[PDB]
file structure.pdb (PDB, C-alpha atoms)
ATOM      1  CA  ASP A   1     101.481 116.824 275.105  1.00  0.00           C
ATOM      2  CA  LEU A   2      99.705 118.361 272.135  1.00  0.00           C
ATOM      3  CA  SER A   3     100.356 116.084 269.182  1.00  0.00           C
ATOM      4  CA  UNK A   4     101.390 112.674 270.464  1.00  0.00           C
ATOM      5  CA  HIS A   5      97.919 111.907 271.766  1.00  0.00           C
ATOM      6  CA  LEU A   6      96.845 112.781 268.244  1.00  0.00           C
ATOM      7  CA  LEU A   7      98.622 109.581 267.281  1.00  0.00           C
ATOM      8  CA  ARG A   8      99.309 107.682 270.482  1.00  0.00           C
ATOM      9  CA  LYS A   9      96.505 105.144 270.353  1.00  0.00           C
ATOM     10  CA  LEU A  10      97.204 104.467 266.695  1.00  0.00           C
ATOM     11  CA  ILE A  11     100.736 103.294 267.379  1.00  0.00           C
ATOM     12  CA  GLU A  12     101.110 101.219 270.522  1.00  0.00           C
ATOM     13  CA  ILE A  13      98.963  98.337 269.336  1.00  0.00           C
ATOM     14  CA  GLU A  14     100.293  98.597 265.802  1.00  0.00           C
ATOM     15  CA  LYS A  15     103.739  98.574 267.366  1.00  0.00           C
ATOM     16  CA  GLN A  16     103.000  95.856 269.895  1.00  0.00           C
ATOM     17  CA  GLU A  17     101.666  93.616 267.152  1.00  0.00           C
ATOM     18  CA  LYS A  18     104.215  94.798 264.615  1.00  0.00           C
ATOM     19  CA  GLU A  19     107.857  95.520 265.352  1.00  0.00           C
ATOM     20  CA  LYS A  20     108.527  91.912 266.285  1.00  0.00           C
ATOM     21  CA  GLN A  21     107.899  90.758 262.737  1.00  0.00           C
ATOM     22  CA  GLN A  22     109.286  93.995 261.349  1.00  0.00           C
ATOM     23  CA  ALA A  23     113.014  94.615 261.143  1.00  0.00           C
ATOM     24  CA  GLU A  24     113.649  90.933 260.541  1.00  0.00           C
ATOM     25  CA  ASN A  25     111.198  91.287 257.678  1.00  0.00           C
ATOM     26  CA  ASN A  26     112.462  94.653 256.495  1.00  0.00           C
ATOM     27  CA  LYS A  27     116.088  93.938 255.677  1.00  0.00           C
ATOM     28  CA  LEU A  28     114.531  92.064 252.781  1.00  0.00           C
ATOM     29  CA  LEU A  29     113.071  95.293 251.451  1.00  0.00           C
ATOM     30  CA  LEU A  30     116.328  97.082 252.167  1.00  0.00           C
ATOM     31  CA  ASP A  31     117.867  94.696 249.664  1.00  0.00           C
ATOM     32  CA  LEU A  32     115.924  95.791 246.605  1.00  0.00           C
ATOM     33  CA  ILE A  33     115.791  99.290 248.046  1.00  0.00           C
TER      34      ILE A  33
END

call {"tool": "encode", "arguments": {"input": "structure.pdb", "output": "structure tokens"}}
result
Amino acid sequence: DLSXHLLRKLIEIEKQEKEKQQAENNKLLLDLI
């Protein structure tokens, strides 16, 4: 509305591509963390 668009194109793709791999490849970091 007045901020999202300032970072709407950035995400999407990044998300589309990412996410899937993420989560299942994050719990590993949560370990050490």

call {"tool": "atom_distance", "arguments": {"input": "structure.pdb", "atom1": "atom CA of residue A:14", "atom2": "atom CA of residue A:29"}}
result
19.5 Å

call {"tool": "atom_distance", "arguments": {"input": "structure.pdb", "atom1": "atom CA of residue A:9", "atom2": "atom CA of residue A:30"}}
result
28.1 Å

call {"tool": "atom_distance", "arguments": {"input": "structure.pdb", "atom1": "atom CA of residue A:26", "atom2": "atom CA of residue A:3"}}
result
27.7 Å

call {"tool": "decode", "arguments": {"input": "structure.pdb", "residues": "stretch 13-24 of chain A", "atoms": "N, CA and C atoms", "output": "PDB file, in the first residue's frame"}}
result
ATOM      1  N   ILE A  13       9.621 -14.221  -5.799  1.00  0.00           N
ATOM      2  CA  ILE A  13      10.624 -15.089  -6.392  1.00  0.00           C
ATOM      3  C   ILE A  13      11.435 -15.757  -5.280  1.00  0.00           C
ATOM      4  N   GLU A  14      12.206 -14.938  -4.580  1.00  0.00           N
ATOM      5  CA  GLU A  14      13.032 -15.432  -3.492  1.00  0.00           C
ATOM      6  C   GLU A  14      12.271 -16.487  -2.686  1.00  0.00           C
ATOM      7  N   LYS A  15      11.014 -16.176  -2.402  1.00  0.00           N
ATOM      8  CA  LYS A  15      10.174 -17.084  -1.641  1.00  0.00           C
ATOM      9  C   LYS A  15       9.881 -18.327  -2.484  1.00  0.00           C
ATOM     10  N   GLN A  16       9.313 -18.089  -3.657  1.00  0.00           N
ATOM     11  CA  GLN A  16       8.978 -19.176  -4.561  1.00  0.00           C
ATOM     12  C   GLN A  16      10.132 -20.177  -4.635  1.00  0.00           C
ATOM     13  N   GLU A  17      11.300 -19.661  -4.986  1.00  0.00           N
ATOM     14  CA  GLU A  17      12.484 -20.496  -5.098  1.00  0.00           C
ATOM     15  C   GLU A  17      12.854 -21.078  -3.732  1.00  0.00           C
ATOM     16  N   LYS A  18      12.928 -20.195  -2.748  1.00  0.00           N
ATOM     17  CA  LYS A  18      13.268 -20.607  -1.396  1.00  0.00           C
ATOM     18  C   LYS A  18      12.052 -21.268  -0.747  1.00  0.00           C
ATOM     19  N   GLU A  19      11.962 -21.109   0.565  1.00  0.00           N
ATOM     20  CA  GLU A  19      10.857 -21.680   1.316  1.00  0.00           C
ATOM     21  C   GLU A  19      10.924 -23.209   1.277  1.00  0.00           C
ATOM     22  N   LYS A  20      10.618 -23.754   0.108  1.00  0.00           N
ATOM     23  CA  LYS A  20      10.641 -25.196  -0.074  1.00  0.00           C
ATOM     24  C   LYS A  20      11.853 -25.778   0.653  1.00  0.00           C
ATOM     25  N   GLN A  21      13.029 -25.399   0.174  1.00  0.00           N
ATOM     26  CA  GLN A  21      14.267 -25.874   0.767  1.00  0.00           C
ATOM     27  C   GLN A  21      14.351 -25.448   2.234  1.00  0.00           C
ATOM     28  N   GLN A  22      14.030 -24.185   2.469  1.00  0.00           N
ATOM     29  CA  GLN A  22      14.064 -23.642   3.818  1.00  0.00           C
ATOM     30  C   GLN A  22      13.222 -24.505   4.760  1.00  0.00           C
ATOM     31  N   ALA A  23      13.212 -24.108   6.023  1.00  0.00           N
ATOM     32  CA  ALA A  23      12.455 -24.832   7.029  1.00  0.00           C
ATOM     33  C   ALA A  23      13.110 -26.193   7.273  1.00  0.00           C
ATOM     34  N   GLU A  24      13.022 -27.047   6.263  1.00  0.00           N
ATOM     35  CA  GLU A  24      13.600 -28.376   6.354  1.00  0.00           C
ATOM     36  C   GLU A  24      15.127 -28.290   6.384  1.00  0.00           C
TER      37      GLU A  24
END
